[PDB]
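Q: Just so it is clear, I am handing over run_34.txt, which has compact mmCIF, C-alpha atoms and all ligand atoms.
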# COMPACT_ATOMS: atom_id res chain seq x y z
CA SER G 2 80.81 -58.54 2.93
CA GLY G 3 77.89 -57.01 4.78
CA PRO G 4 74.59 -58.77 5.21
CA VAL G 5 73.59 -61.62 2.90
CA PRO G 6 70.34 -60.64 1.14
CA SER G 7 66.96 -62.31 1.61
CA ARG G 8 63.66 -62.61 -0.28
CA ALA G 9 60.19 -63.80 0.67
CA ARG G 10 59.57 -67.36 -0.48
CA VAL G 11 55.99 -66.49 -1.49
CA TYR G 12 54.25 -63.45 -3.00
CA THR G 13 57.70 -62.22 -3.80
CA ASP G 14 56.83 -60.13 -6.85
CA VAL G 15 53.21 -59.19 -6.16
CA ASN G 16 53.81 -55.43 -6.17
CA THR G 17 56.08 -55.29 -9.21
CA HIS G 18 53.20 -56.71 -11.25
CA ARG G 19 50.46 -54.49 -9.82
CA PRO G 20 49.77 -51.06 -11.29
CA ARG G 21 52.12 -48.43 -9.84
CA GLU G 22 49.09 -46.71 -8.23
CA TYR G 23 48.60 -49.78 -6.06
CA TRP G 24 51.86 -49.47 -4.08
CA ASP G 25 53.02 -45.89 -4.74
CA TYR G 26 51.21 -44.54 -1.70
CA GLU G 27 53.05 -41.22 -1.70
CA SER G 28 51.04 -40.23 -4.79
CA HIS G 29 47.71 -41.30 -3.28
CA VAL G 30 45.02 -38.65 -3.29
CA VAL G 31 42.82 -38.93 -0.22
CA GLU G 32 39.07 -38.87 -0.72
CA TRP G 33 37.67 -36.98 2.27
CA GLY G 34 34.25 -37.61 3.74
CA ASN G 35 31.95 -35.36 5.73
CA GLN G 36 33.28 -34.75 9.20
CA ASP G 37 29.78 -33.80 10.40
CA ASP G 38 28.60 -37.38 9.83
CA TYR G 39 30.40 -38.62 12.98
CA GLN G 40 29.59 -37.75 16.57
CA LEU G 41 32.21 -38.72 19.15
CA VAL G 42 30.67 -40.61 22.10
CA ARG G 43 33.52 -41.65 24.39
CA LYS G 44 37.29 -41.79 24.39
CA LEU G 45 38.61 -45.36 24.36
CA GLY G 46 42.29 -44.52 24.71
CA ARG G 47 45.39 -42.77 23.41
CA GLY G 48 48.22 -44.64 21.75
CA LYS G 49 51.55 -43.60 20.28
CA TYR G 50 49.95 -42.29 17.09
CA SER G 51 46.32 -41.40 17.73
CA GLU G 52 43.41 -40.91 20.10
CA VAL G 53 40.70 -43.51 19.71
CA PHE G 54 36.98 -42.91 20.22
CA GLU G 55 33.70 -44.75 20.02
CA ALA G 56 31.39 -42.68 17.84
CA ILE G 57 28.10 -42.81 15.99
CA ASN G 58 27.62 -42.36 12.27
CA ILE G 59 24.53 -40.12 12.27
CA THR G 60 23.64 -41.08 8.68
CA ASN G 61 22.80 -44.64 9.75
CA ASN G 62 22.90 -44.42 13.55
CA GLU G 63 25.57 -47.13 13.66
CA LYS G 64 28.48 -47.37 16.06
CA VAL G 65 31.91 -46.71 14.54
CA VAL G 66 35.44 -46.26 15.88
CA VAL G 67 37.28 -43.04 15.12
CA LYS G 68 41.06 -42.64 15.34
CA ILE G 69 42.14 -39.03 15.39
CA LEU G 70 45.76 -39.07 14.33
CA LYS G 71 48.52 -37.27 16.16
CA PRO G 72 50.57 -35.12 13.73
CA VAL G 73 52.61 -37.36 11.41
CA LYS G 74 54.17 -37.44 7.94
CA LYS G 75 51.71 -37.26 5.07
CA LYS G 76 53.43 -40.23 3.44
CA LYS G 77 53.00 -42.36 6.58
CA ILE G 78 49.32 -41.48 6.76
CA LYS G 79 48.94 -42.05 3.03
CA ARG G 80 50.64 -45.42 3.50
CA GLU G 81 48.11 -46.53 6.13
CA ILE G 82 45.18 -45.16 4.13
CA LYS G 83 46.34 -46.79 0.89
CA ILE G 84 46.89 -50.13 2.60
CA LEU G 85 43.47 -50.02 4.25
CA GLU G 86 41.84 -49.19 0.92
CA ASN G 87 43.81 -51.89 -0.90
CA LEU G 88 42.75 -54.52 1.63
CA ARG G 89 39.19 -53.34 2.19
CA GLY G 90 36.65 -56.16 1.95
CA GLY G 91 39.28 -58.86 2.41
CA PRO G 92 38.83 -61.71 4.89
CA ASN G 93 38.89 -60.46 8.48
CA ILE G 94 40.42 -57.10 7.49
CA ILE G 95 39.00 -54.14 9.46
CA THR G 96 36.87 -51.95 7.21
CA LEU G 97 37.88 -48.31 6.80
CA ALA G 98 34.46 -46.69 6.51
CA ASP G 99 35.66 -43.10 5.98
CA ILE G 100 38.43 -40.53 6.31
CA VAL G 101 37.62 -37.01 7.53
CA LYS G 102 39.49 -33.87 8.50
CA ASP G 103 39.21 -33.21 12.21
CA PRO G 104 38.88 -29.44 12.69
CA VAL G 105 40.27 -29.42 16.25
CA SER G 106 43.33 -31.64 15.82
CA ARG G 107 43.95 -30.37 12.30
CA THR G 108 44.78 -33.95 11.35
CA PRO G 109 43.01 -36.82 9.64
CA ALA G 110 40.49 -38.94 11.49
CA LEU G 111 40.07 -42.51 10.29
CA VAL G 112 36.66 -44.07 10.71
CA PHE G 113 36.35 -47.85 11.14
CA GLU G 114 33.57 -50.35 11.46
CA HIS G 115 32.90 -51.16 15.09
CA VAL G 116 33.61 -54.59 16.59
CA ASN G 117 31.98 -55.62 19.87
CA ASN G 118 35.31 -56.75 21.34
CA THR G 119 36.08 -58.63 24.54
CA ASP G 120 39.30 -57.44 26.20
CA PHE G 121 41.92 -59.99 25.20
CA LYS G 122 43.27 -60.35 28.73
CA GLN G 123 39.82 -61.47 29.93
CA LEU G 124 38.98 -63.40 26.73
CA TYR G 125 42.18 -65.41 26.50
CA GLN G 126 41.57 -66.78 30.00
CA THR G 127 38.32 -68.30 28.72
CA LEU G 128 39.35 -69.70 25.34
CA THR G 129 38.92 -73.42 24.87
CA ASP G 130 41.25 -75.56 22.74
CA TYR G 131 38.64 -75.39 19.98
CA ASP G 132 38.36 -71.58 20.25
CA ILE G 133 42.13 -71.11 19.96
CA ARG G 134 42.27 -73.19 16.79
CA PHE G 135 39.20 -71.44 15.39
CA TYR G 136 40.45 -67.90 15.97
CA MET G 137 44.01 -68.75 14.88
CA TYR G 138 42.55 -69.95 11.57
CA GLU G 139 40.62 -66.66 11.27
CA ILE G 140 43.80 -64.65 11.86
CA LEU G 141 45.57 -66.70 9.20
CA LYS G 142 42.86 -65.80 6.68
CA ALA G 143 43.65 -62.12 7.24
CA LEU G 144 47.42 -62.63 7.07
CA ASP G 145 47.40 -64.75 3.95
CA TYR G 146 45.15 -62.13 2.37
CA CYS G 147 47.37 -59.17 3.17
CA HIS G 148 50.54 -61.08 2.25
CA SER G 149 48.96 -62.18 -1.07
CA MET G 150 48.21 -58.49 -1.60
CA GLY G 151 51.85 -57.53 -1.16
CA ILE G 152 51.54 -56.17 2.38
CA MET G 153 53.09 -57.09 5.74
CA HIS G 154 51.25 -56.00 8.87
CA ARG G 155 54.36 -55.67 11.11
CA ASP G 156 52.40 -55.26 14.34
CA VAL G 157 50.58 -58.50 14.96
CA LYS G 158 49.68 -58.78 18.65
CA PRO G 159 46.56 -59.48 20.76
CA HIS G 160 45.79 -55.75 21.02
CA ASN G 161 45.42 -55.59 17.23
CA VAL G 162 43.05 -58.54 16.94
CA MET G 163 39.50 -57.54 17.77
CA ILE G 164 37.14 -60.40 18.50
CA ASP G 165 33.36 -60.43 18.79
CA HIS G 166 33.17 -63.68 20.75
CA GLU G 167 29.39 -63.68 20.63
CA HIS G 168 29.26 -63.84 16.84
CA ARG G 169 32.62 -65.57 16.45
CA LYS G 170 33.87 -62.67 14.33
CA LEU G 171 37.46 -61.42 14.16
CA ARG G 172 39.16 -58.38 12.61
CA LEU G 173 42.84 -57.56 12.25
CA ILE G 174 43.22 -53.84 12.97
CA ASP G 175 45.84 -51.09 13.26
CA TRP G 176 47.59 -51.08 9.91
CA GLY G 177 49.65 -47.97 10.69
CA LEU G 178 52.90 -49.94 10.83
CA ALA G 179 52.14 -52.01 7.73
CA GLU G 180 54.30 -51.79 4.59
CA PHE G 181 54.40 -52.94 1.00
CA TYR G 182 56.85 -55.77 0.41
CA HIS G 183 59.39 -55.14 -2.36
CA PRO G 184 62.15 -57.70 -2.97
CA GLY G 185 65.53 -56.41 -1.79
CA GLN G 186 64.11 -53.47 0.16
CA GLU G 187 65.60 -52.64 3.55
CA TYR G 188 62.98 -51.83 6.18
CA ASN G 189 62.99 -50.14 9.57
CA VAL G 190 63.53 -52.70 12.33
CA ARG G 191 61.77 -50.46 14.84
CA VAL G 192 58.40 -52.06 14.19
CA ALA G 193 56.10 -54.44 16.05
CA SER G 194 55.75 -54.42 19.81
CA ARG G 195 58.52 -55.81 22.06
CA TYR G 196 57.08 -59.20 23.01
CA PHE G 197 56.13 -59.92 19.39
CA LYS G 198 59.29 -58.69 17.67
CA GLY G 199 60.91 -61.26 15.41
CA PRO G 200 64.57 -62.23 15.77
CA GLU G 201 65.23 -60.35 12.51
CA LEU G 202 64.25 -57.09 14.22
CA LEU G 203 66.17 -57.89 17.38
CA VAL G 204 69.41 -58.52 15.43
CA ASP G 205 68.88 -55.50 13.15
CA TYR G 206 68.40 -57.43 9.90
CA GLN G 207 66.53 -55.07 7.60
CA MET G 208 65.73 -57.19 4.53
CA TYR G 209 62.77 -58.96 6.14
CA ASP G 210 59.35 -59.88 4.76
CA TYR G 211 55.83 -61.22 5.45
CA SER G 212 57.40 -63.95 7.59
CA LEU G 213 57.85 -61.40 10.38
CA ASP G 214 54.10 -61.62 10.96
CA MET G 215 54.33 -65.38 11.36
CA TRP G 216 56.80 -65.05 14.26
CA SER G 217 54.41 -62.60 15.93
CA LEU G 218 51.55 -65.04 15.38
CA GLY G 219 53.62 -67.83 16.93
CA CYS G 220 54.18 -65.64 19.97
CA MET G 221 50.44 -65.25 20.27
CA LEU G 222 49.83 -68.99 19.86
CA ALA G 223 52.39 -69.81 22.57
CA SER G 224 50.70 -67.37 24.95
CA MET G 225 47.29 -68.94 24.26
CA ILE G 226 48.10 -72.65 24.44
CA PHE G 227 50.45 -72.28 27.42
CA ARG G 228 48.26 -69.66 29.12
CA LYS G 229 51.20 -67.32 29.62
CA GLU G 230 50.66 -63.84 28.16
CA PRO G 231 53.03 -62.61 26.86
CA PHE G 232 55.12 -65.72 26.27
CA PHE G 233 58.55 -64.12 25.73
CA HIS G 234 58.36 -61.41 28.40
CA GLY G 235 61.45 -59.27 27.85
CA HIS G 236 62.38 -56.23 29.92
CA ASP G 237 63.83 -54.44 26.88
CA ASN G 238 64.82 -55.34 23.30
CA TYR G 239 68.08 -56.99 24.35
CA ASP G 240 66.55 -59.08 27.09
CA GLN G 241 63.81 -59.97 24.60
CA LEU G 242 66.35 -61.79 22.43
CA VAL G 243 67.89 -63.46 25.48
CA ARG G 244 64.45 -64.76 26.53
CA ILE G 245 63.95 -66.18 23.05
CA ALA G 246 67.43 -67.75 23.14
CA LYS G 247 66.63 -69.45 26.45
CA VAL G 248 63.94 -71.39 24.57
CA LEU G 249 65.23 -71.78 20.98
CA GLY G 250 68.85 -72.02 22.16
CA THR G 251 71.95 -70.04 21.34
CA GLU G 252 73.52 -72.39 18.77
CA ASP G 253 70.62 -71.93 16.35
CA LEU G 254 70.75 -68.17 16.99
CA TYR G 255 74.38 -68.21 15.87
CA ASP G 256 73.44 -70.37 12.88
CA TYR G 257 70.87 -67.72 11.94
CA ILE G 258 73.17 -64.75 12.18
CA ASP G 259 75.98 -66.70 10.50
CA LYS G 260 73.72 -67.53 7.54
CA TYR G 261 72.95 -63.86 7.00
CA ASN G 262 76.51 -62.73 7.81
CA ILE G 263 75.13 -60.58 10.73
CA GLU G 264 76.87 -59.75 14.07
CA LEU G 265 75.13 -59.43 17.39
CA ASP G 266 75.46 -56.17 19.25
CA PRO G 267 78.59 -56.71 21.40
CA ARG G 268 76.47 -55.81 24.45
CA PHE G 269 75.13 -59.36 24.21
CA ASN G 270 78.59 -60.68 25.16
CA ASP G 271 77.82 -60.31 28.86
CA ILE G 272 74.13 -61.27 28.91
CA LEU G 273 73.45 -63.96 26.28
CA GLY G 274 75.16 -67.05 27.76
CA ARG G 275 74.92 -70.56 26.31
CA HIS G 276 71.51 -72.21 26.14
CA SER G 277 70.27 -75.48 24.72
CA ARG G 278 67.15 -75.61 22.57
CA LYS G 279 64.20 -76.74 24.69
CA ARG G 280 61.42 -79.14 23.93
CA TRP G 281 58.02 -77.45 23.93
CA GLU G 282 56.69 -79.99 26.43
CA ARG G 283 58.54 -78.22 29.24
CA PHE G 284 55.92 -75.43 29.11
CA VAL G 285 53.01 -77.83 29.61
CA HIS G 286 51.50 -78.17 33.06
CA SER G 287 48.24 -79.18 34.70
CA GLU G 288 46.67 -75.75 34.17
CA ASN G 289 47.26 -75.52 30.38
CA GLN G 290 47.39 -79.19 29.31
CA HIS G 291 43.83 -79.09 27.98
CA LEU G 292 44.98 -76.52 25.38
CA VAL G 293 47.98 -78.53 24.24
CA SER G 294 48.15 -81.38 21.71
CA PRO G 295 50.95 -82.84 19.60
CA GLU G 296 49.51 -80.89 16.67
CA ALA G 297 49.59 -77.59 18.58
CA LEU G 298 53.21 -78.09 19.60
CA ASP G 299 54.32 -79.03 16.10
CA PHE G 300 52.47 -76.05 14.63
CA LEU G 301 54.07 -73.70 17.18
CA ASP G 302 57.49 -75.20 16.54
CA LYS G 303 57.11 -74.50 12.83
CA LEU G 304 56.17 -70.83 13.38
CA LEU G 305 58.86 -69.98 15.93
CA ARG G 306 62.02 -70.32 13.84
CA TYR G 307 64.91 -67.87 14.11
CA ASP G 308 65.35 -68.06 10.35
CA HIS G 309 62.48 -66.07 8.86
CA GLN G 310 62.87 -68.12 5.66
CA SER G 311 62.13 -71.36 7.51
CA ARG G 312 58.84 -70.33 9.11
CA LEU G 313 55.51 -71.57 7.76
CA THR G 314 53.82 -69.15 5.41
CA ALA G 315 50.26 -68.22 6.28
CA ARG G 316 48.95 -70.61 3.59
CA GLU G 317 51.16 -73.47 4.81
CA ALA G 318 50.00 -72.77 8.34
CA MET G 319 46.36 -73.20 7.27
CA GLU G 320 47.26 -76.64 5.86
CA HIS G 321 48.53 -77.80 9.27
CA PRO G 322 46.87 -80.77 11.06
CA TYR G 323 46.19 -78.49 14.06
CA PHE G 324 43.28 -77.08 12.03
CA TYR G 325 41.78 -80.41 10.93
CA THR G 326 39.31 -80.26 13.84
CA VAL G 327 38.12 -76.73 12.98
CA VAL G 328 34.80 -76.76 11.17
CA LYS G 329 35.26 -75.22 7.78
CA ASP G 330 32.73 -72.62 6.66
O1 LIG F 1 40.02 -50.26 24.10
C1 LIG F 1 38.71 -50.22 24.56
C2 LIG F 1 37.75 -51.18 23.67
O2 LIG F 1 37.36 -50.60 22.45
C3 LIG F 1 37.96 -51.45 21.43
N1 LIG F 1 38.80 -50.85 20.66
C4 LIG F 1 39.93 -50.25 21.11
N2 LIG F 1 40.62 -49.77 20.05
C5 LIG F 1 39.93 -50.10 18.93
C6 LIG F 1 40.22 -49.84 17.59
BR1 LIG F 1 41.84 -48.89 17.19
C7 LIG F 1 39.39 -50.24 16.56
BR2 LIG F 1 39.77 -49.84 14.68
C8 LIG F 1 38.26 -50.91 16.90
BR3 LIG F 1 37.09 -51.43 15.45
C9 LIG F 1 37.95 -51.19 18.23
BR4 LIG F 1 36.32 -52.16 18.57
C10 LIG F 1 38.81 -50.77 19.28
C11 LIG F 1 38.83 -52.56 22.26
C12 LIG F 1 38.22 -52.48 23.54
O3 LIG F 1 37.17 -53.47 23.67
Represent the structure contained in this file as structure tokens.

A:
Amino acid sequence: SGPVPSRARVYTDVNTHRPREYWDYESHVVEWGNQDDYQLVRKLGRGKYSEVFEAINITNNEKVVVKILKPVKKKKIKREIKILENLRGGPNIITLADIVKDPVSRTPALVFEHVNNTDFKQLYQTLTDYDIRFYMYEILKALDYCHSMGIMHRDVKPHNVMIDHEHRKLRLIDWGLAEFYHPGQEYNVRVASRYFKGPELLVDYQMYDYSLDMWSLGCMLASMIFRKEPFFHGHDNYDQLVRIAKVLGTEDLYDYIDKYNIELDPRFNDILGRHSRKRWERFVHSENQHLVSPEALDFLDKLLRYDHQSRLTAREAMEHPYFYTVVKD
């Protein structure tokens, strides 16, 4: 009785074979830099967990981004720091340049390399078929890297992908929701952002893995190739699942929860209905058809599975025919 357990089908045991220091972030000792090295220039915004600023590193006169954290648990901050340090230098992973103590907030301030980003809302409207494939491949490099390093991002979305379109450079940012994957571990389902939440989160299945990120990526791909951002545009977390079910169908949703011996919230009884699985072609029209190909639709179909175990891994995704036309570096 109770939920049937689940494991990642790749990188399952990466952390158990790393030194304890690698994943035991609660024991991490932070190496603090010199707070005087960074001059704040302008506020970029304020999120749930921090205030973000453009700044200058006065030791090299280079632009950097500074995130001054709102007060939060030392283990959560240590988790983000340890993950950033573990992944530093990896393909398309944002570089943590420094960590300093902000004397006003009395909290840590994380210092990142700057990316000359184009607002995704504006950028996505301009992406060609080739660009979408190219940047999707770049995101996959970052995801296969972090997964291979025992880490799931858990907040993949356009806002967390910074793109310098001029230099064709991409960085996956905002690792504050990321976690180490340990087989059999139950995780918080209150992660990711609504439109990018995987079915596992929406049905409260806690034993999830790297494959969560692949659902989120599929949501991004659908928004890009169909020019509809976000693709699954739910009004709340319940409606989010209904919107998904209107596309993937309710019978396969029941197959998913039945496999894992999960029950839907009874509040779905009055809102879920009965829906057939749709063919992806229904979302194609004259305004997005130039971004769609049989390869794109098959790739999307293989990312957006209810069953997290059935989704392409990041490495499998990079083997897909969709990327045959992308020039390899
Ligand atoms: O949000 C205002 C702009 O500044 C960029 N920006 C926002 N949050 C950012 C964060 Br958080 C990081 Br780390 C980096 Br690097 C950049 Br660049 C960020 C995106 C926008 O182009």

Q: Which chain G residues have any atom within 12 Å of an atom of ligand LIG 1 (chain F), and for each, what is the nearest pair of atoms with distance in Å to one decimal, counting all atoms listed in the file, rows sorted by chain and number, as CSV?

A:
residue,atom,partner,partner_atom,distance
G:43,CA,F:LIG1,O2,9.9
G:44,CA,F:LIG1,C1,8.6
G:45,CA,F:LIG1,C1,4.9
G:46,CA,F:LIG1,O1,6.2
G:47,CA,F:LIG1,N2,9.1
G:48,CA,F:LIG1,BR1,8.9
G:49,CA,F:LIG1,BR1,11.5
G:50,CA,F:LIG1,BR1,10.5
G:51,CA,F:LIG1,BR1,8.7
G:52,CA,F:LIG1,BR1,8.6
G:53,CA,F:LIG1,BR1,6.0
G:54,CA,F:LIG1,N2,7.8
G:55,CA,F:LIG1,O2,7.3
G:56,CA,F:LIG1,BR4,10.7
G:64,CA,F:LIG1,BR4,9.5
G:65,CA,F:LIG1,BR3,7.1
G:66,CA,F:LIG1,BR3,5.4
G:67,CA,F:LIG1,BR2,7.3
G:68,CA,F:LIG1,BR1,6.6
G:69,CA,F:LIG1,BR1,10.0
G:70,CA,F:LIG1,BR1,11.0
G:85,CA,F:LIG1,BR2,11.1
G:93,CA,F:LIG1,BR3,11.5
G:94,CA,F:LIG1,BR2,10.2
G:95,CA,F:LIG1,BR2,6.8
G:96,CA,F:LIG1,BR3,8.3
G:97,CA,F:LIG1,BR2,8.2
G:98,CA,F:LIG1,BR2,10.2
G:99,CA,F:LIG1,BR2,11.7
G:110,CA,F:LIG1,BR2,11.4
G:111,CA,F:LIG1,BR2,8.5
G:112,CA,F:LIG1,BR2,7.7
G:113,CA,F:LIG1,BR2,5.3
G:114,CA,F:LIG1,BR3,5.4
G:115,CA,F:LIG1,BR3,4.2
G:116,CA,F:LIG1,BR4,4.1
G:117,CA,F:LIG1,BR4,5.7
G:118,CA,F:LIG1,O3,4.4
G:119,CA,F:LIG1,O3,5.3
G:120,CA,F:LIG1,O3,5.2
G:121,CA,F:LIG1,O3,8.2
G:122,CA,F:LIG1,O3,10.5
G:123,CA,F:LIG1,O3,10.5
G:124,CA,F:LIG1,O3,10.5
G:159,CA,F:LIG1,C11,10.5
G:160,CA,F:LIG1,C11,7.8
G:161,CA,F:LIG1,BR1,7.6
G:162,CA,F:LIG1,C8,9.0
G:163,CA,F:LIG1,BR4,6.3
G:164,CA,F:LIG1,BR4,8.3
G:165,CA,F:LIG1,BR4,8.8
G:166,CA,F:LIG1,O3,11.3
G:170,CA,F:LIG1,BR4,11.6
G:171,CA,F:LIG1,BR3,10.1
G:172,CA,F:LIG1,BR3,7.8
G:173,CA,F:LIG1,BR2,8.7
G:174,CA,F:LIG1,BR2,5.6
G:175,CA,F:LIG1,BR1,6.0
G:176,CA,F:LIG1,BR2,9.2
G:177,CA,F:LIG1,BR1,10.2

Q: Would you compute the distance between CA of residue 91 in chain G and CA of residue 41 in chain G? Give it in Å to one decimal.

A: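 Taking CA of residue 91 in chain G and CA of residue 41 in chain G, their separation equals 27.1 Å.
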
Q: Which residue is closest to residue 199 in chain G? Choose from G:107, G:148, G:158, G:75 and count all atoms listed in the file.

A: G:158

Q: I need the residue nearest residue 264 in chain G from this list: G:321, G:293, G:36, G:205. Use all atoms listed in the file for the distance.

A: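 Checking each candidate against residue 264 in chain G, we get G:205 as the closest.
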
Q: Quick one, how far is CA of residue 221 in chain G from CA of residue 130 in chain G?

A: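 That distance, rounded to one decimal, is 14.0 Å.
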
Q: Hey, which of G:25, G:139, G:81, G:38 ends up closest to residue 328 in chain G? Count only C-alpha atoms.

A: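 Once distances to residue 328 in chain G are computed over only C-alpha atoms, the minimum belongs to G:139.
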
Q: Just the residues within 9 Å of residue 265 in chain G, please, counting all atoms listed in the file, with nothing from its chain fewer than 5 positions along; format it as a ChimeraX atom specification.

A: /G:204-205,255,258,270

Q: List as a list in words the protein and nucleic acid residues near residue 273 in chain G, meaning an atom at most 8 Å away when only C-alpha atoms are counted, but skip any in the same chain fewer than 4 places from it.

A: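 The contact residues come out as residues 243, 246, 251 and 269 of chain G.
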
Q: Could you dump the residues just selected with C-alpha atoms as a PDB file, in the frame of the given file?

A:
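Ended up saving to out.pdb:
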ATOM      1  CA  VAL G 243      67.890 -63.460  25.480  1.00  0.00           C
ATOM      2  CA  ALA G 246      67.430 -67.750  23.140  1.00  0.00           C
ATOM      3  CA  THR G 251      71.950 -70.040  21.340  1.00  0.00           C
ATOM      4  CA  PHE G 269      75.130 -59.360  24.210  1.00  0.00           C
TER       5      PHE G 269
END

Q: Just to confirm, what's the straight-line distance from CA of residue 305 in chain G to CA of residue 132 in chain G in Å (one decimal)?

A: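 So the two atoms, CA of residue 305 in chain G and CA of residue 132 in chain G, lie 21.0 Å apart.
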
Q: Determine, counting all atoms listed in the file, which protein, DNA and RNA residues have an atom within 9 Å of an atom of residue 125 in chain G; residues of the same chain fewer than 4 positions away are not included. Present the result as a PyMOL selection string.

A: chain G and resi 120-121+129+133+224-225+228+230

Q: Give the answer as one residue: which of G:33, G:324, G:181, G:136 has the shortest atom-to-atom distance to residue 87 in chain G, using all atoms listed in the file?

A: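 Looking at the shortest contact to residue 87 in chain G, the residue is G:181.
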
Q: At a cut-off of 8 Å, using all atoms listed in the file, what residues contact residue 40 in chain G? Leave out same-chain residues fewer than 4 positions from it and give the result as a PyMOL selection string.

A: chain G and resi 56-59

Q: Of the candidates G:82, G:304, G:292, G:153, which shows the shortest atom-to-atom distance to residue 127 in chain G, using all atoms listed in the file?

A: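 Closest to residue 127 in chain G, using all atoms listed in the file: G:292.
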
Q: Which is closest to residue 261 in chain G among G:149, G:186, G:310, G:294, if we use only C-alpha atoms?

A: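 Among G:149, G:186, G:310, G:294, it is G:310 that comes nearest to residue 261 in chain G.
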
Q: Write out as a PyMOL selection string the residues lying within 10 Å of residue 28 in chain G, counting all atoms listed in the file and excluding same-chain residues fewer than 3 positions away.

A: chain G and resi 21-25+31+76+79-80+83

Q: Counting only C-alpha atoms, which residues have an atom no more than 10 Å from (73.0, -56.9, 4.6) in the file's coordinates? Please list them as a PyMOL selection string.

A: chain G and resi 2-7+185+187+205-208+261-263

Q: Please export range 52-68 of chain G as an mmCIF file, in the first residue's frame, restricted to N, CA and C atoms.

A:
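File written: result21.cif
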data_model
loop_
_atom_site.group_PDB
_atom_site.id
_atom_site.type_symbol
_atom_site.label_atom_id
_atom_site.label_comp_id
_atom_site.auth_asym_id
_atom_site.auth_seq_id
_atom_site.Cartn_x
_atom_site.Cartn_y
_atom_site.Cartn_z
ATOM 1 N N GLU G 52 16.860 40.004 -4.082
ATOM 2 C CA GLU G 52 16.833 41.187 -4.926
ATOM 3 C C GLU G 52 18.032 41.100 -5.851
ATOM 4 N N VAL G 53 17.816 41.404 -7.120
ATOM 5 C CA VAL G 53 18.822 41.181 -8.135
ATOM 6 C C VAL G 53 19.289 42.519 -8.681
ATOM 7 N N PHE G 54 20.604 42.660 -8.826
ATOM 8 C CA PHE G 54 21.211 43.912 -9.263
ATOM 9 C C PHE G 54 22.251 43.679 -10.351
ATOM 10 N N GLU G 55 22.350 44.618 -11.288
ATOM 11 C CA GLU G 55 23.550 44.723 -12.094
ATOM 12 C C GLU G 55 24.588 45.454 -11.261
ATOM 13 N N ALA G 56 25.835 45.023 -11.357
ATOM 14 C CA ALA G 56 26.904 45.611 -10.567
ATOM 15 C C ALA G 56 28.183 45.601 -11.373
ATOM 16 N N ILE G 57 29.215 46.225 -10.825
ATOM 17 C CA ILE G 57 30.533 46.193 -11.430
ATOM 18 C C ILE G 57 31.516 45.636 -10.415
ATOM 19 N N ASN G 58 32.367 44.734 -10.886
ATOM 20 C CA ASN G 58 33.472 44.225 -10.103
ATOM 21 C C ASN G 58 34.613 45.219 -10.293
ATOM 22 N N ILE G 59 34.929 45.995 -9.255
ATOM 23 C CA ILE G 59 35.908 47.076 -9.403
ATOM 24 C C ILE G 59 37.357 46.579 -9.458
ATOM 25 N N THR G 60 37.572 45.272 -9.344
ATOM 26 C CA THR G 60 38.925 44.728 -9.487
ATOM 27 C C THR G 60 39.256 44.400 -10.944
ATOM 28 N N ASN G 61 38.234 44.330 -11.800
ATOM 29 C CA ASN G 61 38.470 44.158 -13.232
ATOM 30 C C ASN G 61 37.568 45.017 -14.106
ATOM 31 N N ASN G 62 36.772 45.867 -13.468
ATOM 32 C CA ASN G 62 35.812 46.721 -14.165
ATOM 33 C C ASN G 62 34.878 45.954 -15.105
ATOM 34 N N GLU G 63 34.506 44.738 -14.705
ATOM 35 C CA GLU G 63 33.559 43.943 -15.469
ATOM 36 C C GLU G 63 32.182 43.912 -14.817
ATOM 37 N N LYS G 64 31.166 43.863 -15.665
ATOM 38 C CA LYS G 64 29.791 43.766 -15.241
ATOM 39 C C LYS G 64 29.574 42.404 -14.599
ATOM 40 N N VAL G 65 28.825 42.388 -13.501
ATOM 41 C CA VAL G 65 28.417 41.151 -12.846
ATOM 42 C C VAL G 65 26.975 41.322 -12.397
ATOM 43 N N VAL G 66 26.337 40.222 -12.007
ATOM 44 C CA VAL G 66 24.994 40.264 -11.449
ATOM 45 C C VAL G 66 25.068 39.822 -9.993
ATOM 46 N N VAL G 67 24.449 40.599 -9.116
ATOM 47 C CA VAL G 67 24.478 40.310 -7.699
ATOM 48 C C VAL G 67 23.071 40.010 -7.206
ATOM 49 N N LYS G 68 22.914 38.877 -6.521
ATOM 50 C CA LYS G 68 21.641 38.518 -5.912
ATOM 51 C C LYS G 68 21.787 38.584 -4.409
#
